[PDB]
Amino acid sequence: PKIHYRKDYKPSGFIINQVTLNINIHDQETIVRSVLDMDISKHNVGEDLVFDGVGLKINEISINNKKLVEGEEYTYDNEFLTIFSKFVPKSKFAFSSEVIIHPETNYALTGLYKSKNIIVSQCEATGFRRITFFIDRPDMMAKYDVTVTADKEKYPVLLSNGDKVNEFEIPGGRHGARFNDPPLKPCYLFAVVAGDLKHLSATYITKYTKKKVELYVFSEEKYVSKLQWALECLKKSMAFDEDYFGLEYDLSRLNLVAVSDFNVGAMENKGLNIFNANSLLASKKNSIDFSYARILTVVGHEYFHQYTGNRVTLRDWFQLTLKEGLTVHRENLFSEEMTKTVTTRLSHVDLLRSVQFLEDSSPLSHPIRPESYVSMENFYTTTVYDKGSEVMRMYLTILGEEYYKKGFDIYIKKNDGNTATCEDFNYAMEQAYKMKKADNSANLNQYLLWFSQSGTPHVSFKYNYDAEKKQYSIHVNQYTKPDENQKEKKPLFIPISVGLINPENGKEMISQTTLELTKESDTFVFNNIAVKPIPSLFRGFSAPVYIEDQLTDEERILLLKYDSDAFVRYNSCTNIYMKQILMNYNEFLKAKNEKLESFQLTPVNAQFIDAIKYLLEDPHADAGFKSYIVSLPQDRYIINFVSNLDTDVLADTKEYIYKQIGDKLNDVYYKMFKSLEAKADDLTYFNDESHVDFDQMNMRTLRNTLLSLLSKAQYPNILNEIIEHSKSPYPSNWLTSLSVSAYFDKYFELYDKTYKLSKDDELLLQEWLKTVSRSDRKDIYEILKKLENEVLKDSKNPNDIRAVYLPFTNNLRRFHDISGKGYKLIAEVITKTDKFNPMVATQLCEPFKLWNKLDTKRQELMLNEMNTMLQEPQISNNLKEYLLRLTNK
């Protein structure tokens, strides 16, 4: 198994200048003819010409129109085509080939494949070599001239990159289109689509050059009424890059295309972005609320790649975070501006500190720029994406908006049209840093450690106040735990956005201040501080770290009520909950271990409960924020703080704490549930797809959160509310009615009702599957068996399989059944999936990522299933590599 090392990068001995393709789609096969106009590079040392080419059937290959013969002049082993150097020309030459591929049976969804009745490609990272021979690496930039031919009735719409320059008829009911794309690009940005596509379109006029851009959004005919919001999002994305970054789209046309079968969310192929239908299509009757932020995020993300990834591309795959971390950061800026809700940033943080922090303390921990890989398909991680985003966001925090924008533009202007590395970005940022500091000696060399050092830093605090001196000090320490990547961890450049709150009136005591912690510890002193403050630390979550605020719960409550920063308010709440969780967890654990007949539990802080009530009852407070404060921290966040976590004991702990709070606040919850109804469920704009109200969707989130709390609580006659909720036109509401009815005898009545509402829309049915999967049912295993037999069957659609199984894996009490039966079930699904889609099989391993954090019995049970999966004779490269790393072999 070949290991690629970052330090081993070297330019190719060859150059590919022009790609001319003919892709002829037929019923049982697709024939790909390719002529590569090539040259010898300055780095060439007379080596064999080796092309990537995976699973290609060779019809013929030639050099300069002379047919090559197998054995004598080349070898092919289904992975590499080797042309022996004595047969490789010493100057410019043409290499040509004709191969046969089979998209109909390509269930791995990489390369060229068939998704229902649409032919579609996915080439990132190294999928182009599944279509034709190539030196398949992103520094091999070339011009593309692409002809696609197909049956006209089945495939009337033909798309590839660049301008459509010809369309023609072919005998026998066939037709062709030629696409010429003169600007250089890496092969992972090649795409082709063929199908009976329907569309919406619009014309966008750019801000400065006033170029007309044609925008097209495509789907299968059945779902063409779900395209409107995507088109609106694309317009919004274009405006935001213009307005914030001064960047205009450079091409005549941009196509977005939804397909049903897709391994991830979407892909930024130049001028031809291809989407998982679940991240492009929605309508108010047939989509839950989360679809709208999703589509906004994913359309924006792919659009922002046109600069950060497409126009400035990657030297090599170890630079992945340079385009993905930066594009997630650009998408987050965009979505924060579009939604105007604080819950947008909080949701990002919530995901990072649960999913990505778990990854970074697991055996899979890696820096955002890894030193090696075996599988590229395993490289696309929350570390590279989401910690990468936070590392890209810290530059903005450090520089401020004006100098950040200046540094970003330096980056774009210097590297436009070229490959680039992480150093190129740090360099641009450093030039702005020198400007901001008015100091040509300032540098960001330490900052590069964010790219190379793995693990989550821990930042802790001590405080001191001298009332006579009016002098306040914040002593700060950072620590990263050693791991398999670095034995000795170095201090990072950590920006700490801080405020100082006057506890008597809740007001700010200093101006905006970002502490630059660059040592293992430092002491920051403030003069003329008139009263002892409560510090507001890491405002906006200003670094991707574990924060240990060393505040009392009284101080945390004061911040929760009166601080100006949404994240510190949310974090102060989080920290109050975590202190309670850890305390009750240990009390339950001791009672379990000692077999106690009687014991005591520490009650929830009553002033905390009063504070929650205070915020809930404040009309001027934000509904999305309110839904967070009544929610305990994510299980995957909690597990980072507990060794040998007994999931039953954690389930008992959560249940006690929710019951404590509900016993005081349920009447408040119910009153709000009823009073929110009019605004939350307003139907005024239900048949307008252009009109999206993120505050209103947050009101529904709050209403559905409260209803869940009230249902679990068996609040008197709440089932009446549940039944009425099932009649709401909004899927977020009527699917919520199904999941909260789990606690009542009406569950299967609502199961059938909502199934009937869901079954005729592909994406809605997947949302219904998730709702069932996540239902808090004692008979959930029997229910999953019913989904398998009656709905899922042998679907190879990743959306179907992920919907049925992933939500269930978050069922703390049942997935982690001490028998190991949940582990056994997901491992069977992983092995089954691995036969046809290794990338999705590795996604389905997600619940095993925390295996060594659980109690000893469940560690053993998980490890047994992983070892069983590893012993499968037909295990894929992807899955084997992943499980070997996860189990520390």
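The first residue of the shown sequence is 1; numbering continues from there.
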Which of the two stretches, 838-846 or 46-54, shows the higher mean Cα temperature factor in the record?
46-54
Higher-scoring stretch by recorded Cα B factor average, 206-214 or 564-572
206-214
Tell me which of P370, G506, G417, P491 tops the list for C-alpha B factor in the record.
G417
So among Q512, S219, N161, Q580, who wins on Cα B-factor in the entry?
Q512
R703 - Cα temperature factor, lowest/middle/highest third of chain
middle
Relative C-alpha B-factor of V531, binned into the chain's lowest, middle or highest third:
highest
Can you tell me whether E516 has a C-alpha B-factor in the lowest, middle or highest third compared with the other modelled residues of the same chain?
middle
Chain-relative CA temperature factor third for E153
highest
Could you say whether, by C-alpha temperature factor, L863 belongs to the lowest, middle or highest third of its chain?
middle
